[PDB]
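Comments concern the structure below.
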Amino acid sequence: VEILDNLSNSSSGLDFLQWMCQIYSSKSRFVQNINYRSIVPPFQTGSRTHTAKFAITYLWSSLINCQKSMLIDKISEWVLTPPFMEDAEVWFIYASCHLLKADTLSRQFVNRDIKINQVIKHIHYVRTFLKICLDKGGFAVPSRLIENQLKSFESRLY
Amino acid sequence: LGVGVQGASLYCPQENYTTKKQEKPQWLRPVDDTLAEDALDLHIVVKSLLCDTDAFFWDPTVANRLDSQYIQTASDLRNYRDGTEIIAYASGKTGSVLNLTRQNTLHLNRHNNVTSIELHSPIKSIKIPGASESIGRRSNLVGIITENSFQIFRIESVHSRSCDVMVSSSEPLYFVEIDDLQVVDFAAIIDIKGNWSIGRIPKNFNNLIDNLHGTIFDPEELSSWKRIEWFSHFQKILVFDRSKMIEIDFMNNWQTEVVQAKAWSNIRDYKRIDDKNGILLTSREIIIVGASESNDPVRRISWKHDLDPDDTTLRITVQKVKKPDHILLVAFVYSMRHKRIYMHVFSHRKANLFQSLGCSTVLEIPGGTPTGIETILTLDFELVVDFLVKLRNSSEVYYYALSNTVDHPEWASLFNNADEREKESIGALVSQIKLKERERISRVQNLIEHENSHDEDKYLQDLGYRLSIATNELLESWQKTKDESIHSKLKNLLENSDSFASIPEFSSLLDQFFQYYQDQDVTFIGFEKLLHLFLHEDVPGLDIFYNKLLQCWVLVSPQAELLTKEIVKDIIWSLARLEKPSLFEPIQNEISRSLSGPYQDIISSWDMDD
DNA sequence: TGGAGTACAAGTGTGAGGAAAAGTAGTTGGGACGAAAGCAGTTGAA
């Protein structure tokens, strides 16, 4: 919080969470037998079947940071690369990155054969990443309320 | 309904940028993080009194010694009256004597009469259950927990013409099984060390356990801290140790383990918030505001905050703040080892939209550590909030309000003898110095009477003459004794260095005495490169060394001068080590010791390498 | 106007504690370019 809420010559905290998720990337299994001294899982380590909290804070705070910069392609290219096949929160973020492109591009700037179908691609990415998010374990989304927003992107498109 | 949940758990932790967004594209801060947004919130104490009256471990079974909440008695039902505020605290010798209204700040009332009901057992917990708003009324009965029995008090028709609360009591049930019970709550429903039972309260004080009971007994939890609370009016109970929370509904036979807190944390405290949905839990390492669920009233594990302090003795108290748009839940954790509070601000809206704002900390009184802290309900953006503390190792209770906008008797019990014949016999010495000082303020005053006289120029010509030949007497022994092969005093003359009346002259005179010894067996240590150790700055001189103390001791002394003169006249004679020989004398004592040690300590003794 | 009991301190042996950076204790990661022809002695059964 100190780098982001300093704002003077700041890295805004996002290059430091990038530092955390580079050198503490460890897909190793949690051996669950040794007594643990000076480490604890739920806030500072990142084993297999547990995404690290600095990893998902790097995903939330770079989606929100990219929204406020209006580069979403570059986060959507990164989230593509790690298919965390053990959790639903990364897939909700990956579904929500495409919802933001499907939100931004659904203004149409007229009152176009390529402007149409690209939004349909992002709408179909949301409906298929939210489905695989909901098939996983516990991450309860307002899955009705998001469908009201995807249809609203298409009614503006028609 | 925000999005980032586990279902099982739900986090808004310590400044780690909470884990949700709806992406509400509504141009109205298009995000609904659990983190909220506002300005700051600084808190300011309003310190005021309300009332009054081996060590490497601490007892978990002792809980509190007081209570403070609005009570509505039996005669207020039929009549118009609604709600009277009381405070009942232990007193006495071993904590055994349990004993009101609000003008603008809560103060003890006019007739201010302690209703000292008497017991024969140590008080170890004093608490009400609280009230309900579904019942519409307030409870007028309170239960306390002691070592020897369990007691119930019943408050009947609090009086207004005399400010006197007559109290009634139930039968104090002693122990059939010899096991010290821990916690009461009602919403004799009690928790013994390892098992619980439901107790029945009667209507007739003019003269127990029901046929259903349960146990949570763990062979590998070691502590003696348990806790019980009724949950969400279903006659579900919640039972605690330091390792798990068990949910038990005695309506059916239905027992579920919900929290299992063995691995990295422990359950520390559990306050049931007057909100019949939301209830706040203090674990070690996290603060949990786990509410109730509308589908099944089991546990809505809500937005919890990762608290930082690690400790073994943390409590919590919570106060609701009811605004018309939303409900706040400020949570105050406090420890028995140090003097601090730690707070966090929660908010709640209609759609179970629990949020979080930030944290702050303030301090307490320096004498003791807090042991019981309770918020006054206050009958129910500039947040105001008020409460009472109680500190351990002091029997005083003070009252505090928070708005948005060191003496120890052990040093006293080391002096002050009761020996009246030895009183002035000690006290003569403080009157003995009444004589000895006034001579010294007057004799150097006779030197104040003279100012750079030739009669005292003679007196200092006589000074160095018995410093020259005395040196010439103290030199001529060391040359003949020089072959010792195995410094001095400069207080040999006891005739002078008492009545010399110039600092810049004697500084020059010793420099006049320094220049005289060009010969061997005599060196010195210079004062001006060393006199700075008292002022802790660059002091290159002896004459400006007085000039620092000259401006320094002006106010705090009668006439302020010759006392300041005499100490400067003392320190150069206090470092009276000016009797070093030449360089030859320690160098020839270097070479003698390495010869005496073996050839193994030759290579061990080498200074000046790199 | 000597003795009987007795707490305050000067003074003397027993082991028990304290710490660190070296090494070693169990899991998991990881190491190993070929589907050619007429023909002949033996050899099929007639």
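Scope of the values below: all heavy atoms of this structure, side chains included, with no hydrogens, waters or symmetry mates. Chain letters run A, B, ... following the sequence lines, proteins first, then strands; residues in each count from 1.
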TODO: Work out the sugar pucker of C:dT14 as north or south, treating a positive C1'-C2'-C3'-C4' as north.
DONE: north
Open item on the list: Reading the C1'-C2'-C3'-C4' torsion of C:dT43, is its sugar north or south?
Closed with: south
- [ ] Rounded off to whole Å, could you give me the CD-to-P distance for the A:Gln32 and C:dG26 pair?
- [x] 19 Å
Task: Length of the NZ-P vector between A:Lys27 and C:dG30, whole Å - done: 12 Å
Task: Sugar pucker assignment (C1'-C2'-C3'-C4' positive north, negative south) for C:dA37 - done: north
Task: Integer-rounded Å distance: C:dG26 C1' and A:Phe30 CZ - done: 15 Å
Open item on the list: Is there stacking between C:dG41 and C:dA40 - six-membered ring centres closer than 5.5 Å and planes within an angle under 30°?
Closed with: yes
Task: Separation of the P atoms in C:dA19 and C:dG23, to the nearest angstrom - done: 22 Å
Task: Atom-to-atom span, CZ of A:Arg48 to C1' of C:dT27 - whole angstrom - done: 15 Å
Task: C:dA4: north vs south, judged on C1'-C2'-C3'-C4' - done: south
- [ ] For B:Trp264, check ring pair (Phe, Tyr, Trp, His ring centres under 6.0 Å) against everything at least two apart and list the hits.
- [x] none
TODO: Identify, via the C1'-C2'-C3'-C4' dihedral, which side the sugar of C:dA36 sits on: north or south.
DONE: north
Open item on the list: Please give the distance between the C1' atoms of C:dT43 and C:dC39 as a whole number of Å.
Closed with: 16 Å
Task: Rounded interatomic separation in angstrom, taking CD1 from A:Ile39 and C1' from C:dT27 - done: 14 Å
Open item on the list: If only side-chain N and O atoms count, and only distance matters, is there a donor-acceptor pair under 3.5 Å linking B:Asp59 with B:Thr61?
Closed with: yes
Task: Side-chain touch B:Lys262/B:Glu221, heavy atoms, less than 4.5 angstrom - done: no
TODO: For B:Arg299, check salt bridge (charged side-chain N to carboxylate O under 4.0 Å, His left out) against everything at least two apart and list the hits.
DONE: none
